[PDB]
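Inspection log for the structure reproduced underneath, given as structure tokens.
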Amino acid sequence: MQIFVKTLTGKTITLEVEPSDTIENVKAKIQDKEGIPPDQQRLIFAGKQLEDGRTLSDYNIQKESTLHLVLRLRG
Amino acid sequence: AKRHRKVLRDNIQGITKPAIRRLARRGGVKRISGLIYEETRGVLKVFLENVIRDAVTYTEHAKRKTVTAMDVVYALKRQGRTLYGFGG
Amino acid sequence: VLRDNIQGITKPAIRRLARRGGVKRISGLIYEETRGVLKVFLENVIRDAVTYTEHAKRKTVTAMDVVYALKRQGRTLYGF
Amino acid sequence: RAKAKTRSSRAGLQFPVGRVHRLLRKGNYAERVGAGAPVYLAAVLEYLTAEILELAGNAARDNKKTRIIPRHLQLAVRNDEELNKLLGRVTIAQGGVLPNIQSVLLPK
Amino acid sequence: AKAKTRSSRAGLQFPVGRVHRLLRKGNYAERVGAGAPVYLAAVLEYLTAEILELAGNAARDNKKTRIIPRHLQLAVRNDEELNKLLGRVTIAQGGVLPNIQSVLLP
Amino acid sequence: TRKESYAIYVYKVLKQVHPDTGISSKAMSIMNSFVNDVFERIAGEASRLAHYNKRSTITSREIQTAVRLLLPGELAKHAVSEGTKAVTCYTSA
Amino acid sequence: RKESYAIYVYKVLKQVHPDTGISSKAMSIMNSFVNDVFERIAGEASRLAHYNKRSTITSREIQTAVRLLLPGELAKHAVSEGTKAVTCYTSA
Amino acid sequence: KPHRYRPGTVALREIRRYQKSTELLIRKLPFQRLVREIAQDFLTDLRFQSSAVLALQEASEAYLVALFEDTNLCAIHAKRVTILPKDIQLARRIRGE
Amino acid sequence: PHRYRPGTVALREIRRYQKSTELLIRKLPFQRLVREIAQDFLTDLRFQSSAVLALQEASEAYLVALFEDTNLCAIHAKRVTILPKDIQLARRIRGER
Amino acid sequence: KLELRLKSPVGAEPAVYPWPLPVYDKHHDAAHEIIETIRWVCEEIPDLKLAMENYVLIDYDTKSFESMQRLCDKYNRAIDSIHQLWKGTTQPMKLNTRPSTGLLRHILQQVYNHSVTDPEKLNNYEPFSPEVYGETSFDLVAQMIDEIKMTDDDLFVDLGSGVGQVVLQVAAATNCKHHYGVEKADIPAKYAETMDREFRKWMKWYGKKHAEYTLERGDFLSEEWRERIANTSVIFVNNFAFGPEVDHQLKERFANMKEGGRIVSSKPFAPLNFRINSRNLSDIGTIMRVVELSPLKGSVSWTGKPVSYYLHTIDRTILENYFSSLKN
DNA sequence: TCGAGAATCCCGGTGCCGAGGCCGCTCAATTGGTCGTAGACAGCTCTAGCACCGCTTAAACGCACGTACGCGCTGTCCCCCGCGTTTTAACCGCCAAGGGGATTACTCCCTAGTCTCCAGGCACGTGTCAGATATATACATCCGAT
DNA sequence: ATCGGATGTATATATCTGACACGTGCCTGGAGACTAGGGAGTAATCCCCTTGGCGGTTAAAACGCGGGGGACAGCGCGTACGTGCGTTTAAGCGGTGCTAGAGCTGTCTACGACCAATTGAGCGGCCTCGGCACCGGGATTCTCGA
Ligand SMILES: C[S@@+](CC[C@H](N)C(=O)[O-])C[C@H]1O[C@@H](n2cnc3c(N)ncnc32)[C@H](O)[C@@H]1O
């Protein structure tokens, strides 16, 4: 299924995913599409950030959701 | 009271005009034209700032507040013009 | 045995060397003073090179000795 | 025993820290070389070589070529003025000079 | 045996052991050799005698007996073979050589 | 025998600042002498700097005092603002 | 309790001009000059000790460094006094 | 009838009169106030033990004298007698700054 | 035929030799000069070739800087060409004589 | 032992003056202060200047007690007469009006002369250390206010308030919600505790409402102040002698700020010509723009030569543009 | 070429403070022993510096010829020196406070040194492609001419 | 300012090559854990040295007025040097052939770090006195109007 990730610049990116994929695979797909390294990505939805070891199904995310992406520095 | 550290400002005029003329007569010129008396002040300010900005670092490294004469001798040794007669 | 080889640094080569620096007309007396300056500089560099390569008791002036002899005078040379 | 992990990776550097340590000990610069020093020394050397190589690659890309040849290094060192006073007494081999003609010698 | 300093076997005047204690604890090498600080004291004594002879020679010619630093200044720069050792040294209380150019004379 | 160099580290740091431009051999020798010369000058200044205060351990402060003396008045700020970021991440690990 | 080179310079003065003394500020100048020449010669012998993979400054490296630092005239007299000093120190 | 020299011969008295002597030339206390004003930067107040101030005066006087003795050569080379700003700016560029 | 004005082939040689980076002095005269000047010291030297090339690069980078300085010192006299009393001024201001 | 009791224009809290005046430098007197207050309150409302022009002028007698006594005794009956006029058919001045620039400068100078007693003691510190003290003038802070237009939803935090005239000028200039100033060493903070009280009393005396502020004492490298730095709009630091050690830690703690924030400093955090590539992502310079202010005179009070001030901004779109244009 | 007058070296008298020398006295130089190892010396393989020879030709040489510039002269004006008079702050001597520079003692944690383990980096092959050379060509530049 | 001829410079493709990116085996220098001895850190105390202020004396800075020597522009001439051309010479590339000498390895005699015992060479404090700065008074030297 398609979901959207809304960044700050006005651009909306749409990825095709399944609810059972891990977040690492989502970050890898975004890295494939836009070239942004996975370590810099901090995804936020409904005031709660997502953890590396959990999945989209753990947070009750659904079809046609809108996610917010912010950029953070490297370490 | 008033502010701390009564500030010294606009003090390049200490190297006055006949003093620069005397310094010229050491070198072996005859007539000094009417426009050396700014360029000599510029060159002197550049040289004193370029020595003091090394002496202050050499005296920061020991964490003391007195710029001692050994620090001026070392900072002049690092630039190229060494200086005898002061213990270094 | 070789002698009188300062005439190898010929006239148009010294003109080319002056051309690289940004001059226009070379007058007719530079072709002696430039040979003099070159002889003084090469003597003052090789007199620091041969001592360095004599200290190791070998008889070849290798390139590292020339790099050290230029590092002592003030113009250090990279690329080696 | 733990897993062997090199000291260059612990600080986020790229130049070898241990090589700089073995050079500061054997070079007789002091009696004892502190452990906090050669990380800092490797970091300063790595910053200086990045600042030269960025301008060198920029001058190489400007002149329609992809290999950096030493003429590009000469055209990148002398043209900037903040890097001139550190290299103020070097003659880079195969160098050449900046393109420069004075104002008087041009024809009227 | 009787204590006898190392200067007396050298036939020198500068001390020998001070140069040894400076060359070891100045970190110029790891192991400082035996025959070297004698040679170093020798070259140092010859250099300071070569300066002080010209210093006193230009000190007696000016009708004084205390070597004032101006005599040292007029003794280094008037020579030619020592001008390339102190060639970038500014001796304090020094002054310049007496020099007027050839065009300025009336 | 095998001789030491600084080659493959310079080639590694080139790829992080440009994607696909490699250096020729005689430029590699030039950078290999340049890093050696800057390291020689910095250590040779910090040696005499740790000698005028009667200490004997060239610590992580002597390099920070010598770098603000050797390099000019613009590169010094970036040199120390990278050196502190190196040492602080070295300790906390 | 700081050191100086005062008393030995005062000793070597009497072997040339036996009726003249030197002032204080000239003594400090000679004290700095001997210090600077010793600093330069040992600093050149150190860097000559690393271009040959050795580690002992013996009595040859000082001679090869003195033939480089001093100019073309004084070097002959310096080496012809130094080798006499070491061949006198050996036979004792 | 009031006695007056030719303009251009008091200078060739002052040349010998200042080359013979060896006193300090620039006035002391304005120079000390200048060298305290240059180090008025770096915020932390400094102290300037007086032997360092006199050492700095000897060094900052022995740098202008060589500059004028070189710019005299640069001014004589242009078939003139006096000096002028475009000779100091030539000597400082040829010297290597 | 066609003949250029005097003073225009030089201002093309300026660009043609500043754009390039080759060596200028021919090799086998320079190597014979170095081998002949080294006969005054210790006898029967050998001169490994990379030292000769390094020495040539140094000997070019000396004269290019000397000519680029003496051109400034000759432009200062409101002349265009150079002359022996400009090299013998620049080499004295630089501090080698 | 007598006083020189004045009267305030609006409200009733008369400030007092003991007669042996506090000594100043060789040309500054408290008579200048009292005459300057009288001149500024005459410039405030013109009816008092109309009562001031007749029977007396601005000139004085400085050593005598009775002349300044007559100054106060005429000024007090003038204020009481316009109090009687103010209870007639006219309505008073509106209390919620912020003052102008000159009245603010005079009030700040008055509080700084009255509060601290021996200002030579401020130079007692540790050499070449973070503990060093250097004051910023009134004029550059006024240009700082008039440069960035701060709105009703901002927070002004002053890292290193010093004695704390900076937060006073900010709280009297704009109209934000709250303000903060934090400092470590106790010797300026003990003067700051009296600076607060004297500023509140004098801005009550002139009848000028300000913003809110709390001159707090703490240490901003502990974990308490990290979330409070990262929740704030505009930050005023003065780090000309902080060195590189705490500078990197401020570089780390600035990274969690919001969008549209601003940071000013006497030393630039990110350089002016900062290019961006695939190596220096770890620095904070990749996500901020810098711009140099106007190098005007009278800037600091440790030298006379002017220094720049490098207004920053947080703008996370440069990283987005670079990561979009990596693939082209 | 000679007189008037300002400057400068010279000669003798006078007081002063910075060198020469002498004396406690302490800590760095000197003697006399070990013991570990850097380096003098021998002996070996083999890189590369040297001398020579031939062929192609790019470049060093001699020369005619025309011209832009080096150079000397004259003339103008402008600006910088000499000197007298009037401010001003430099310098010397004295008095007084206190802060920082040097010092001593006493801990303690960073760092040389040793042994053990192993992967980071270097030499070697091997492919393969960035540009060096070559050729055809459009646009800019210099030079006569209008 | 406007225009054509002629020459050079840069811009657009084709092949072909040797120098560069890269993978593999492997050795030794880097890393990990542990222990011992001292250099650096920190606190307390003395006391010398830097700043601050004042008051008197007066050298030297500040300012203005002639006026003469020199900066600077214009002009005219005569050599010296740029530019091109025909004749000429070593520069350079390759190829062969030789061997002195760079460089590595194996010993091991001699040479210098290190430490306890000993003491005199050399450093600070304190004195005495004369070389030397100062002053004033003529004797000689230099400059400038006639
Ligand atoms: C340059 S002053 C700024 C004073 C005032 N805000 C201004 O701009 O004029 C820096 C101030 O920061 C304070 N400060 C320095 N280091 C600090 C620290 N580590 N923690 C808290 N305050 C500190 C000092 O007390 C000092 O007053």
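As shown in the structure tokens, the chain order sets the letters A, B, ...; within each chain, residues go from 1, and ligands are also counted from 1 in the order they appear.
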Name the residues, by chain letter and number, that sit within 8 Å of ligand 1 using only C-alpha atoms (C1' of nucleotides) and all ligand atoms, and give them as a PyMOL selection string. chain J and resi 130-137+158-166+182-185+188+218-221+236-242+246+300
For a quick test of understanding: name the residues of chain D lying within 12 Å of chain A when counting only C-alpha atoms, and present them as a list in words. residues 10, 11 and 12 of chain D
Using C-alpha atoms, can you write the selected residues to a file as a PDB file, in the first residue's frame?
```pdb
ATOM      1  CA  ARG D  10      36.782   5.872  18.052  1.00  0.00           C
ATOM      2  CA  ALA D  11      37.128   9.594  17.412  1.00  0.00           C
ATOM      3  CA  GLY D  12      35.608   9.880  13.946  1.00  0.00           C
TER       4      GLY D  12
END
```
Based on only C-alpha atoms (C1' of nucleotides), which of the residues in chain K come within 9 Å of chain G? I want them as an MDAnalysis selection string. chainID K and resid 18:19 38:39
For chain E, the nearest of the candidates F:48, F:26, F:12, F:37, counting only C-alpha atoms: F:48
When DSSP works through the backbone of this structure, what residues of stretch 14-68 of chain H end up as helix (DSSP H, G or I), shown as a PyMOL selection string? chain H and resi 14-20+28-38+50-61+64-68
Atoms kept (C-alpha atoms) for selection, written as a PDB file, in the first residue's frame:
```
ATOM      1  CA  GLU H  14      71.494  65.556  11.397  1.00  0.00           C
ATOM      2  CA  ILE H  15      72.503  62.377   9.513  1.00  0.00           C
ATOM      3  CA  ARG H  16      75.910  62.285  11.165  1.00  0.00           C
ATOM      4  CA  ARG H  17      74.563  63.537  14.500  1.00  0.00           C
ATOM      5  CA  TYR H  18      72.045  60.700  14.763  1.00  0.00           C
ATOM      6  CA  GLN H  19      74.208  57.986  13.192  1.00  0.00           C
ATOM      7  CA  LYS H  20      76.977  58.633  15.707  1.00  0.00           C
ATOM      8  CA  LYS H  28      59.164  56.298  25.762  1.00  0.00           C
ATOM      9  CA  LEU H  29      55.857  56.890  27.515  1.00  0.00           C
ATOM     10  CA  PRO H  30      53.635  57.451  24.424  1.00  0.00           C
ATOM     11  CA  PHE H  31      55.132  54.255  23.044  1.00  0.00           C
ATOM     12  CA  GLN H  32      54.188  52.430  26.240  1.00  0.00           C
ATOM     13  CA  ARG H  33      50.645  53.766  26.012  1.00  0.00           C
ATOM     14  CA  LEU H  34      50.501  52.558  22.393  1.00  0.00           C
ATOM     15  CA  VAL H  35      51.724  49.075  23.278  1.00  0.00           C
ATOM     16  CA  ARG H  36      49.175  48.903  26.070  1.00  0.00           C
ATOM     17  CA  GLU H  37      46.465  49.964  23.622  1.00  0.00           C
ATOM     18  CA  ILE H  38      47.329  47.232  21.106  1.00  0.00           C
ATOM     19  CA  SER H  50      58.733  47.011  31.968  1.00  0.00           C
ATOM     20  CA  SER H  51      61.778  45.196  30.587  1.00  0.00           C
ATOM     21  CA  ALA H  52      59.476  43.656  27.983  1.00  0.00           C
ATOM     22  CA  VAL H  53      58.191  47.109  27.009  1.00  0.00           C
ATOM     23  CA  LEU H  54      61.738  48.358  26.449  1.00  0.00           C
ATOM     24  CA  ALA H  55      62.658  45.182  24.524  1.00  0.00           C
ATOM     25  CA  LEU H  56      59.625  45.674  22.331  1.00  0.00           C
ATOM     26  CA  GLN H  57      60.652  49.292  21.774  1.00  0.00           C
ATOM     27  CA  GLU H  58      64.122  48.254  20.637  1.00  0.00           C
ATOM     28  CA  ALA H  59      62.634  45.716  18.233  1.00  0.00           C
ATOM     29  CA  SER H  60      59.971  48.107  16.914  1.00  0.00           C
ATOM     30  CA  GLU H  61      62.623  50.774  16.368  1.00  0.00           C
ATOM     31  CA  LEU H  64      61.578  51.020  10.812  1.00  0.00           C
ATOM     32  CA  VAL H  65      65.252  51.932  10.391  1.00  0.00           C
ATOM     33  CA  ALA H  66      65.982  49.089   7.979  1.00  0.00           C
ATOM     34  CA  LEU H  67      62.762  49.927   6.122  1.00  0.00           C
ATOM     35  CA  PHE H  68      63.834  53.536   5.612  1.00  0.00           C
TER      36      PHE H  68
END
```
Write out as a PyMOL selection string every residue belonging to chain G that has an atom at most 6 Å from any atom of chain E, counting only C-alpha atoms. chain G and resi 8+20-22+26+46+56-59+78+82+88-89
Suppose we keep N, CA, C and O atoms; can you now write the selection as a short mmCIF file (atom, residue, chain, number, x, y, z; two decimals), in the first residue's frame?
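As written to disk, again.cif reads:
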```cif
data_model
loop_
_atom_site.label_atom_id
_atom_site.label_comp_id
_atom_site.auth_asym_id
_atom_site.auth_seq_id
_atom_site.Cartn_x
_atom_site.Cartn_y
_atom_site.Cartn_z
N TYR G 8 83.14 32.47 32.36
CA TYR G 8 84.05 31.93 31.37
C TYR G 8 84.35 32.92 30.25
O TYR G 8 85.46 32.94 29.71
N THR G 20 91.31 45.49 29.87
CA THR G 20 89.99 46.04 29.60
C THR G 20 88.92 45.11 30.13
O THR G 20 88.97 43.90 29.88
N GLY G 21 87.95 45.67 30.85
CA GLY G 21 86.79 44.93 31.28
C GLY G 21 85.56 45.32 30.48
O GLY G 21 85.54 46.33 29.78
N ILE G 22 84.52 44.50 30.58
CA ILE G 22 83.30 44.72 29.83
C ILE G 22 82.15 45.01 30.78
O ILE G 22 82.14 44.56 31.93
N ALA G 26 76.86 44.38 27.99
CA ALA G 26 77.63 43.64 27.00
C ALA G 26 77.81 42.19 27.40
O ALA G 26 77.85 41.30 26.53
N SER G 46 70.99 17.57 15.54
CA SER G 46 69.84 16.70 15.79
C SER G 46 69.19 16.26 14.48
O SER G 46 68.96 15.06 14.27
N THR G 56 73.10 8.41 17.93
CA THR G 56 74.11 8.95 18.83
C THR G 56 74.83 10.11 18.16
O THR G 56 75.52 9.92 17.15
N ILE G 57 74.69 11.30 18.73
CA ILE G 57 75.47 12.45 18.27
C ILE G 57 76.89 12.23 18.75
O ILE G 57 77.19 12.44 19.93
N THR G 58 77.75 11.75 17.87
CA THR G 58 79.14 11.55 18.22
C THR G 58 79.93 12.78 17.80
O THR G 58 79.38 13.84 17.51
N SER G 59 81.26 12.66 17.78
CA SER G 59 82.10 13.80 17.47
C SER G 59 82.29 14.01 15.98
O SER G 59 83.23 14.70 15.58
N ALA G 78 87.42 26.88 12.55
CA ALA G 78 86.64 26.16 13.55
C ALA G 78 86.96 24.67 13.53
O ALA G 78 87.18 24.08 14.59
N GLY G 82 88.85 22.50 16.40
CA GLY G 82 88.10 21.45 17.06
C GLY G 82 88.80 20.10 17.00
O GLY G 82 88.79 19.35 17.98
N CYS G 88 93.70 16.47 21.61
CA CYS G 88 94.31 16.69 22.91
C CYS G 88 93.52 16.02 24.03
O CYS G 88 94.13 15.51 24.98
N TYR G 89 92.19 15.97 23.92
CA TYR G 89 91.39 15.30 24.94
C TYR G 89 91.57 13.79 24.90
O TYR G 89 91.39 13.12 25.92
#
```
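Of the residues under consideration (K:22, K:51, K:40, K:59), K:59 shows the shortest atom-to-atom contact distance to chain C when counting only C-alpha atoms (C1' of nucleotides).
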Atom pair atom CA of residue G:81 + atom CA of residue E:25, distance 26.4 Å
Using only C-alpha atoms, can you tell me which of D:76, D:83, D:104, D:45 comes closest to residue D:60? D:76
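Using only C-alpha atoms, the shortest contact distance between chain F and any of B:83, B:24, B:7, B:52 is found at B:52.
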Excluding stretch 11-16 of chain C and any residue of its chain fewer than 3 positions from it, enumerate the residues within 8 Å of it, using only C-alpha atoms (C1' of nucleotides), and give them as a JSON list (two decimals) with N, CA, C and O atoms (P, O5', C5', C4', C3', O3' and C1' of nucleotides), in the first residue's frame.
```json
[["chain", "number", "residue", "atom", "x", "y", "z"],
["C", 19, "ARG", "N", 60.51, 35.69, -19.87],
["C", 19, "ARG", "CA", 59.16, 35.77, -20.40],
["C", 19, "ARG", "C", 58.14, 35.17, -19.45],
["C", 19, "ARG", "O", 56.99, 35.60, -19.46],
["C", 20, "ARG", "N", 58.53, 34.18, -18.66],
["C", 20, "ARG", "CA", 57.55, 33.57, -17.76],
["C", 20, "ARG", "C", 57.18, 34.52, -16.63],
["C", 20, "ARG", "O", 56.05, 34.49, -16.14],
["C", 26, "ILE", "N", 63.94, 42.68, -22.97],
["C", 26, "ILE", "CA", 65.18, 42.38, -22.27],
["C", 26, "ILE", "C", 66.30, 43.21, -22.87],
["C", 26, "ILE", "O", 66.53, 43.15, -24.08],
["C", 31, "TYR", "N", 72.25, 39.21, -20.03],
["C", 31, "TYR", "CA", 72.78, 37.89, -20.36],
["C", 31, "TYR", "C", 74.14, 37.60, -19.73],
["C", 31, "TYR", "O", 74.68, 36.51, -19.97],
["C", 34, "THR", "N", 72.62, 37.44, -15.28],
["C", 34, "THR", "CA", 71.81, 36.27, -14.96],
["C", 34, "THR", "C", 72.68, 35.02, -14.85],
["C", 34, "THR", "O", 72.47, 34.19, -13.95],
["I", 17, "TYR", "N", 53.82, 31.10, -22.39],
["I", 17, "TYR", "CA", 54.67, 30.50, -21.38],
["I", 17, "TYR", "C", 54.08, 30.56, -19.98],
["I", 17, "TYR", "O", 54.58, 29.86, -19.09],
["I", 24, "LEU", "N", 62.17, 24.80, -18.93],
["I", 24, "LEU", "CA", 62.58, 25.78, -19.92],
["I", 24, "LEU", "C", 64.02, 25.63, -20.36],
["I", 24, "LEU", "O", 64.30, 25.61, -21.56],
["I", 25, "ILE", "N", 64.95, 25.53, -19.42],
["I", 25, "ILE", "CA", 66.35, 25.34, -19.77],
["I", 25, "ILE", "C", 66.54, 23.92, -20.28],
["I", 25, "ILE", "O", 66.03, 22.97, -19.67],
["I", 26, "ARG", "N", 67.23, 23.77, -21.41],
["I", 26, "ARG", "CA", 67.49, 22.45, -21.98],
["I", 26, "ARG", "C", 68.36, 21.62, -21.04],
["I", 26, "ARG", "O", 69.18, 22.15, -20.29],
["K", 60, "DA", "P", 67.02, 26.76, -28.05],
["K", 60, "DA", "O5'", 68.39, 27.37, -28.60],
["K", 60, "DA", "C5'", 69.64, 26.89, -28.10],
["K", 60, "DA", "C4'", 70.77, 27.12, -29.09],
["K", 60, "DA", "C3'", 71.33, 28.54, -29.14],
["K", 60, "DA", "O3'", 72.70, 28.49, -29.54],
["K", 60, "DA", "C1'", 70.47, 28.01, -31.22]]
```
With a cut-off of 10 Å and counting only C-alpha atoms (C1' of nucleotides), select all residues of chain H in contact with chain L and give the selection as a ChimeraX atom specification. /H:1,3-9,47-50,80-82
Export C-alpha atoms of the chosen residues as an mmCIF file, in the first residue's frame?
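Saved as out.cif:
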```cif
data_model
loop_
_atom_site.group_PDB
_atom_site.id
_atom_site.type_symbol
_atom_site.label_atom_id
_atom_site.label_comp_id
_atom_site.auth_asym_id
_atom_site.auth_seq_id
_atom_site.Cartn_x
_atom_site.Cartn_y
_atom_site.Cartn_z
ATOM 1 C CA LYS H 1 71.879 89.758 7.121
ATOM 2 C CA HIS H 3 72.362 84.175 9.041
ATOM 3 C CA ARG H 4 70.555 81.293 7.368
ATOM 4 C CA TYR H 5 71.891 78.090 5.842
ATOM 5 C CA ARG H 6 71.112 76.762 2.400
ATOM 6 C CA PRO H 7 67.952 74.605 2.500
ATOM 7 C CA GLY H 8 69.418 71.155 2.151
ATOM 8 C CA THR H 9 72.389 71.164 4.548
ATOM 9 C CA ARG H 47 50.466 43.562 32.968
ATOM 10 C CA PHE H 48 53.569 44.322 30.822
ATOM 11 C CA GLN H 49 56.662 44.021 32.988
ATOM 12 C CA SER H 50 58.733 47.011 31.968
ATOM 13 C CA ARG H 80 64.984 61.374 -7.411
ATOM 14 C CA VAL H 81 66.336 62.500 -4.055
ATOM 15 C CA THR H 82 63.396 62.502 -1.660
#
```
Select residues of chain K: the criterion is any atom within 9 Å of an atom of chain F, counting only C-alpha atoms (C1' of nucleotides); output as an NGL selection string. :K and (121-123)
Take the residues that were just selected and, keeping N, CA and C atoms (P, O5', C5', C4', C3', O3' and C1' of nucleotides), output them as a short mmCIF file (atom, residue, chain, number, x, y, z; two decimals), in the first residue's frame.
```cif
data_model
loop_
_atom_site.label_atom_id
_atom_site.label_comp_id
_atom_site.auth_asym_id
_atom_site.auth_seq_id
_atom_site.Cartn_x
_atom_site.Cartn_y
_atom_site.Cartn_z
P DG K 121 44.83 0.93 7.90
"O5'" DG K 121 46.08 0.45 7.01
"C5'" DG K 121 47.38 0.53 7.56
"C4'" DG K 121 48.42 -0.09 6.65
"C3'" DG K 121 48.52 0.49 5.23
"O3'" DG K 121 49.89 0.52 4.86
"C1'" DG K 121 48.16 -1.82 5.12
P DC K 122 50.43 1.55 3.76
"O5'" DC K 122 51.48 0.70 2.93
"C5'" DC K 122 52.48 -0.02 3.62
"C4'" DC K 122 53.01 -1.18 2.80
"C3'" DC K 122 53.24 -0.89 1.32
"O3'" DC K 122 54.45 -1.51 0.91
"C1'" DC K 122 51.84 -2.76 1.54
P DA K 123 55.26 -0.95 -0.35
"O5'" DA K 123 55.40 -2.23 -1.30
"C5'" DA K 123 56.17 -3.34 -0.87
"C4'" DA K 123 56.00 -4.54 -1.79
"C3'" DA K 123 56.11 -4.26 -3.28
"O3'" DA K 123 56.84 -5.31 -3.89
"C1'" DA K 123 53.99 -5.22 -2.79
#
```
Output the contact residues of chain I with respect to chain D at a cut-off of 9 Å, based on only C-alpha atoms, as a ChimeraX atom specification. /I:7-8,11,14-15,17-23,54,57-58,61-62,64,72,75,80
